[PDB]
Amino acid sequence: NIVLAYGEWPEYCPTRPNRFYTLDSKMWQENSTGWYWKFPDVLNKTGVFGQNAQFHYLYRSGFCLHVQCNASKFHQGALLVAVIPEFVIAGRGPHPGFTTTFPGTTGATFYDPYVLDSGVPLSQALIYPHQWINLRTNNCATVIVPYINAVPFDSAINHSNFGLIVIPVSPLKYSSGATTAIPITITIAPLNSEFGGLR
Amino acid sequence: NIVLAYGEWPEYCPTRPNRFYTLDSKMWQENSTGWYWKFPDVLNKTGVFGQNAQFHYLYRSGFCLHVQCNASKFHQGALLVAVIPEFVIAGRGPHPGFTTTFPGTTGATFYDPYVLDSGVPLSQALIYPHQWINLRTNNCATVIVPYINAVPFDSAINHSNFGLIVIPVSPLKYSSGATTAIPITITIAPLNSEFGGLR
Amino acid sequence: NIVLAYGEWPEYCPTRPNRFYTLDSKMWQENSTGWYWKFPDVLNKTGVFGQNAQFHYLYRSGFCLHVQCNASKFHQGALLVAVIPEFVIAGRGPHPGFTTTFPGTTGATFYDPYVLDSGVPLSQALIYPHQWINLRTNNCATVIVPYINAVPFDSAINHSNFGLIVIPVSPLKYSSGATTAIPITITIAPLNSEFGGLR
Amino acid sequence: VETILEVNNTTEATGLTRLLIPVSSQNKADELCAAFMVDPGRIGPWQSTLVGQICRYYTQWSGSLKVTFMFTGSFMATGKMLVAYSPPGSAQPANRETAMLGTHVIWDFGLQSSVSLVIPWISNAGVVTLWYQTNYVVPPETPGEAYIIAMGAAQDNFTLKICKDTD
Amino acid sequence: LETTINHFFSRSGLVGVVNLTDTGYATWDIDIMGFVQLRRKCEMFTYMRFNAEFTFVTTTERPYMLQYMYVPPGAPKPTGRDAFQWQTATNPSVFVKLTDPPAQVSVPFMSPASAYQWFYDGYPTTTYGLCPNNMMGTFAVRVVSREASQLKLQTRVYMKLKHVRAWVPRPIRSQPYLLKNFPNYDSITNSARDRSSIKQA
């Protein structure tokens, strides 16, 4: 069921400070094309973690995710939940800017999903720890992500550890009379956070 | 679940030569009226068994059947799978001919199902090993048939051991918008074949 | 008596499917000059082996041969039964073609036997497993041939494993009144065949 | 690693719609839904997967590839498929009957949502198809179109030989 | 009990009615499918096996030495009352006077297959469903005199079935049939007689 990213169970070896956060649910239409979030940025200016990541400039944590979409038995389609480390938006054309690369809690959208906006084709995106949300089998997906970085610490504001992508591969078709949009809610919980140094 | 025809588990007491064959699925409409096949004729000119029944003129085998129709939860109706030994088409009016009595893999259809085209009323057809395919309980049926003949051997081409009938007793009703036809696929596997003599 | 080709007793290490085949007897006159057959081609379109070599495209077998000519006590002459691996017709003059290299069951004839139609002189042809049919000592010859190939498998149609040659070294002389021709019949039996893959 | 295989690589595909095989609801029985060669390295369907990129290196390959499908319809739909296969001796079959005699796997929809198929011992063709073998059955007020995306991977005995630069 | 299958066949009913003029003789094929009371009770099953015994009852309109020959299946049938088939010793015949109490004889089970088949679906290679392994023979009743019989006699043939064993059943016939040895029915009558409505039993 659950998918350990590379099999770690993230422990830690600077104090050691777990509420289930809930991002705001995106609506999924017929002509939608995907989303991405770039953790651990979206937890900033939010909650007690936001007061622990904005003032401290060393950081290490691991996460537990739960992507869950609720659909009735009269819809169809299949998503793709992948967790990409060091996920870099390329920029078309000419650099992409700042409000495109750090979207905050409102996760930004894609332009060209076939190349993942980085020249990397989607056919091979399953190297990353993936989990198919197929709407005729289940309605949930759960990924546990350890702390994946070369240096054992970093700043919380600048460097993003990884990203989370949600891509509609097969488009949503529905007979007339049903609701047009399907929500997608996400749950984020830090597992073993360990901050250091106060400013 | 499965129905042994008269409780045999067909063994054998001439060499002893099992692929799951699959006949082509018939479409079932509202005004359809039934089908029949007359084994072991339909396995001729088909597969390695066809190359073992056309050249050899002594024969003994038993069969395992699997009649399976796939219907959604918005249809209704009930079929009737019976296995009649020495099933003889009578002929109306005036003998029926040849392409009516040996239909090949395309199983022929009925004219008057109420009398089974032999003067035998359908009310008493459950003497034979029967199995109700009721479309609100299941979608499969399985009959195992031994070798039922007075002489211990026969030719494969001429003499038919038995027949298989599929009769829509309650007609299929469906609300508008659903698909008009429902397929019926059949699986045939020889159990203990034992041929003899090569020509 | 019997001559093992290089001493193997051919075992095998893809299913594992032995009738004594009999090729059609060639007539040997005064001015005849030899024959060749190029196994395992001549068993194609013949018998149950032909239905197992035309449909399967991997192959391994060994053979047992029996070349036998029946002559009375008033004739004379001596043949030469040799088994040449990878026997290649050269072509005079300008490639030889197809109906010359693959003769089928009617084994093709020689043009110049002194050089074996390949530039190889007959004086040294006894390197191959040979057996003299001298018509004042015996009337039979028997060669057992294993599977001799670099790759452990091949196709049955394209690649020929070896060839069988029959050469009249001393010509046949006979006093007047005797029969002009002497037959030569050949028996072929596969020893350990092992096919693989069906098309 | 099972990666997504491009099958619908026609001219008019143009986007994510080339990652999926269409399944109608008006196709008559036994008409070929899709067909492609089993050739990790030749210019075609395998050129998008992860096998097809790391075998543009390593000139000589040999092994046992497997092919996985999965279905993307509503829960109420029900049908069957006949995933067939032929050895590289012959071409693809024509009818449902002459394809049934091979290495078929009768895959349906009401029970299983995914199926695999083990292809034995390729080297440096072999053709896989899939046939309908029944109608595609829908209840009313249900969209009657779905797609089947394919996968691709290599099992344990998949070995390589002499290195070679790519493209 | 009396619902066992041996008691269900153990009555000796009429089969065929044969009369002879003086031609001079009269033959009769053996078949149980002559009357509808015995056909509906014997298309019940598919495979049967039984020995039979007979009885010949003679009604003129004194005693003569009339005989009853028997033809095993394969032997040729007589053509005239003074042909050479009447003296072949391989045909077992029964000499019985008129005024005596009636003749009685048993017949063993002669089919080549283990049991008789009342339904065959195939061919011997209009020849559909005619299994030749149901032949049981004739009787060829003949009055014996040197010439000029002049009786105008009529015989009746009864039949009892013994030691019978039946295999796989079939449902009964529900319609009258036209031909003698075929189930042709000329499409239709129902099975249950009608009433007024679905209610009101």
# chains A, B, ... in the order shown; residues from 1 in each chain; ligands from 1

$ residues_around --residues "residue 11 of chain C" --least-positions-apart "2" --cutoff "12 Å" --atoms "only C-alpha atoms" --output "list in words"
residues 7, 8, 9, 13, 16, 60, 61, 62, 63, 145, 146, 147, 190, 191, 192, 193 and 194 of chain C

$ closest_atom_pairs --of "chain D" --to "chain A" --cutoff "9 Å" --atoms "only C-alpha atoms" --output "Markdown table"
| residue | atom | partner | partner_atom | distance |
| --- | --- | --- | --- | --- |
| D:1 | CA | A:127 | CA | 6.6 |
| D:2 | CA | A:126 | CA | 7.1 |
| D:3 | CA | A:124 | CA | 5.4 |
| D:4 | CA | A:123 | CA | 4.8 |
| D:5 | CA | A:123 | CA | 6.6 |
| D:6 | CA | A:123 | CA | 7.5 |
| D:15 | CA | A:114 | CA | 6.5 |
| D:16 | CA | A:114 | CA | 6.0 |
| D:17 | CA | A:170 | CA | 8.1 |
| D:19 | CA | A:123 | CA | 7.9 |
| D:20 | CA | A:170 | CA | 7.8 |
| D:48 | CA | A:123 | CA | 6.1 |
| D:49 | CA | A:124 | CA | 5.9 |
| D:50 | CA | A:124 | CA | 5.9 |
| D:71 | CA | A:134 | CA | 8.6 |
| D:72 | CA | A:77 | CA | 5.9 |
| D:73 | CA | A:76 | CA | 5.4 |
| D:74 | CA | A:76 | CA | 4.9 |
| D:75 | CA | A:136 | CA | 5.0 |
| D:76 | CA | A:73 | CA | 7.3 |
| D:113 | CA | A:137 | CA | 7.9 |
| D:141 | CA | A:175 | CA | 5.7 |
| D:142 | CA | A:175 | CA | 5.3 |
| D:143 | CA | A:175 | CA | 5.3 |
| D:145 | CA | A:173 | CA | 8.3 |
| D:146 | CA | A:76 | CA | 8.2 |
| D:147 | CA | A:170 | CA | 7.4 |
| D:149 | CA | A:170 | CA | 8.8 |

$ interface_residues --of "chain E" --to "chain B" --cutoff "12 Å" --atoms "only C-alpha atoms" --output "ChimeraX atom specification"
/E:40,43-49,111-131,133,166-179,181-192

$ atom_distance --atom1 "atom CA of residue 48 of chain A" --atom2 "atom CA of residue 21 of chain A"
10.8 Å

$ select_by_dssp --residues "segment 90-163 of chain A" --states "strand (DSSP E)" --output "VMD selection string"
chain A and resid 108 to 109 140 to 141 143 to 145 162 to 163

$ residues_around --residues "residue 121 of chain D" --least-positions-apart "2" --cutoff "7 Å" --atoms "only C-alpha atoms" --output "list in words"
residues 62, 63, 64, 119 and 123 of chain D

$ write_last_selection --atoms "C-alpha atoms" --output "PDB file, in the first residue's frame"
ATOM      1  CA  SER D  62      19.471 -10.662 -24.666  1.00  0.00           C
ATOM      2  CA  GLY D  63      16.850 -11.398 -22.045  1.00  0.00           C
ATOM      3  CA  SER D  64      13.159 -11.781 -21.210  1.00  0.00           C
ATOM      4  CA  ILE D 119       7.917 -12.812 -23.445  1.00  0.00           C
ATOM      5  CA  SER D 123      17.917 -11.516 -29.018  1.00  0.00           C
TER       6      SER D 123
END

$ atom_distance --atom1 "atom CA of residue 11 of chain D" --atom2 "atom CA of residue 34 of chain D"
15.6 Å

$ closest_residue --among "B:51, B:32, B:68, B:166" --to "chain C" --atoms "only C-alpha atoms"
B:51

$ residues_around --residues "segment 140-149 of chain E" --least-positions-apart "4" --cutoff "7 Å" --atoms "only C-alpha atoms" --output "NGL selection string"
:E and (22 or 25-28 or 65-69)

$ write_last_selection --atoms "C-alpha atoms" --output "mmCIF file, in the first residue's frame"
data_model
loop_
_atom_site.group_PDB
_atom_site.id
_atom_site.type_symbol
_atom_site.label_atom_id
_atom_site.label_comp_id
_atom_site.auth_asym_id
_atom_site.auth_seq_id
_atom_site.Cartn_x
_atom_site.Cartn_y
_atom_site.Cartn_z
ATOM 1 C CA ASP E 22 -54.238 -68.577 -47.744
ATOM 2 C CA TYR E 25 -47.609 -66.396 -45.932
ATOM 3 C CA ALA E 26 -47.218 -63.268 -43.825
ATOM 4 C CA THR E 27 -44.096 -61.639 -42.409
ATOM 5 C CA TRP E 28 -43.649 -59.032 -39.691
ATOM 6 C CA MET E 65 -49.507 -77.459 -38.466
ATOM 7 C CA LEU E 66 -48.710 -73.763 -38.953
ATOM 8 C CA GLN E 67 -45.181 -72.739 -38.054
ATOM 9 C CA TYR E 68 -43.494 -69.558 -36.863
ATOM 10 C CA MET E 69 -39.993 -69.119 -38.190
#

$ residues_around --residues "residue 92 of chain D" --least-positions-apart "6" --cutoff "8 Å" --atoms "only C-alpha atoms" --output "number ranges by chain"
D: 86, 127-129

$ atom_distance --atom1 "atom CA of residue 198 of chain C" --atom2 "atom CA of residue 55 of chain C"
5.9 Å

$ closest_residue --among "E:199, E:162, E:180, E:193" --to "residue 12 of chain E" --atoms "only C-alpha atoms"
E:162

$ residues_around --residues "residue 101 of chain E" --least-positions-apart "2" --cutoff "12 Å" --atoms "only C-alpha atoms" --output "mmCIF file with N, CA, C and O atoms, in the first residue's frame"
data_model
loop_
_atom_site.group_PDB
_atom_site.id
_atom_site.type_symbol
_atom_site.label_atom_id
_atom_site.label_comp_id
_atom_site.auth_asym_id
_atom_site.auth_seq_id
_atom_site.Cartn_x
_atom_site.Cartn_y
_atom_site.Cartn_z
ATOM 1 N N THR E 55 -45.774 -64.117 -27.662
ATOM 2 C CA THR E 55 -46.915 -65.017 -27.618
ATOM 3 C C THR E 55 -47.736 -64.767 -28.871
ATOM 4 O O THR E 55 -47.992 -63.612 -29.212
ATOM 5 N N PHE E 56 -48.140 -65.829 -29.554
ATOM 6 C CA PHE E 56 -48.883 -65.712 -30.798
ATOM 7 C C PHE E 56 -50.280 -66.276 -30.593
ATOM 8 O O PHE E 56 -50.433 -67.467 -30.315
ATOM 9 N N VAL E 57 -51.291 -65.427 -30.739
ATOM 10 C CA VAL E 57 -52.685 -65.802 -30.536
ATOM 11 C C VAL E 57 -53.381 -65.812 -31.889
ATOM 12 O O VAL E 57 -53.330 -64.818 -32.621
ATOM 13 N N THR E 58 -54.040 -66.918 -32.215
ATOM 14 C CA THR E 58 -54.598 -67.142 -33.542
ATOM 15 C C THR E 58 -56.115 -67.210 -33.495
ATOM 16 O O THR E 58 -56.683 -68.002 -32.739
ATOM 17 N N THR E 59 -56.764 -66.399 -34.322
ATOM 18 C CA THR E 59 -58.218 -66.331 -34.395
ATOM 19 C C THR E 59 -58.644 -66.618 -35.825
ATOM 20 O O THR E 59 -58.510 -65.756 -36.699
ATOM 21 N N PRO E 63 -57.429 -78.340 -36.616
ATOM 22 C CA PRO E 63 -56.100 -77.734 -36.442
ATOM 23 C C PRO E 63 -55.128 -78.074 -37.561
ATOM 24 O O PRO E 63 -55.143 -79.167 -38.127
ATOM 25 N N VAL E 96 -46.708 -75.387 -34.172
ATOM 26 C CA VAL E 96 -47.780 -75.335 -33.180
ATOM 27 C C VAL E 96 -49.113 -75.551 -33.886
ATOM 28 O O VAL E 96 -49.408 -74.871 -34.873
ATOM 29 N N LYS E 97 -49.917 -76.490 -33.388
ATOM 30 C CA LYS E 97 -51.258 -76.693 -33.922
ATOM 31 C C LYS E 97 -52.189 -75.546 -33.526
ATOM 32 O O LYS E 97 -51.926 -74.795 -32.591
ATOM 33 N N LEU E 98 -53.308 -75.436 -34.246
ATOM 34 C CA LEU E 98 -54.252 -74.351 -33.988
ATOM 35 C C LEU E 98 -54.966 -74.523 -32.660
ATOM 36 O O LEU E 98 -55.027 -73.587 -31.856
ATOM 37 N N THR E 99 -55.517 -75.710 -32.407
ATOM 38 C CA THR E 99 -56.383 -75.907 -31.253
ATOM 39 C C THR E 99 -55.627 -75.942 -29.930
ATOM 40 O O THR E 99 -56.268 -75.941 -28.876
ATOM 41 N N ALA E 103 -48.729 -70.293 -28.555
ATOM 42 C CA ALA E 103 -47.288 -70.452 -28.526
ATOM 43 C C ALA E 103 -46.638 -69.374 -27.675
ATOM 44 O O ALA E 103 -47.220 -68.325 -27.404
ATOM 45 N N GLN E 104 -45.406 -69.645 -27.257
ATOM 46 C CA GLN E 104 -44.675 -68.716 -26.406
ATOM 47 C C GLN E 104 -43.193 -69.001 -26.560
ATOM 48 O O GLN E 104 -42.784 -70.161 -26.509
#

$ residues_around --residues "residue 104 of chain C" --least-positions-apart "4" --cutoff "10 Å" --atoms "only C-alpha atoms" --output "VMD selection string"
chain C and resid 37 to 45 99 to 100 108

$ closest_residue --among "D:32, D:152, D:140, D:100" --to "residue 70 of chain D" --atoms "only C-alpha atoms"
D:152

$ select_by_dssp --residues "segment 7-199 of chain B" --states "helix (DSSP H, G or I)" --output "VMD selection string"
chain B and resid 47 to 53 113 to 115 122 to 127
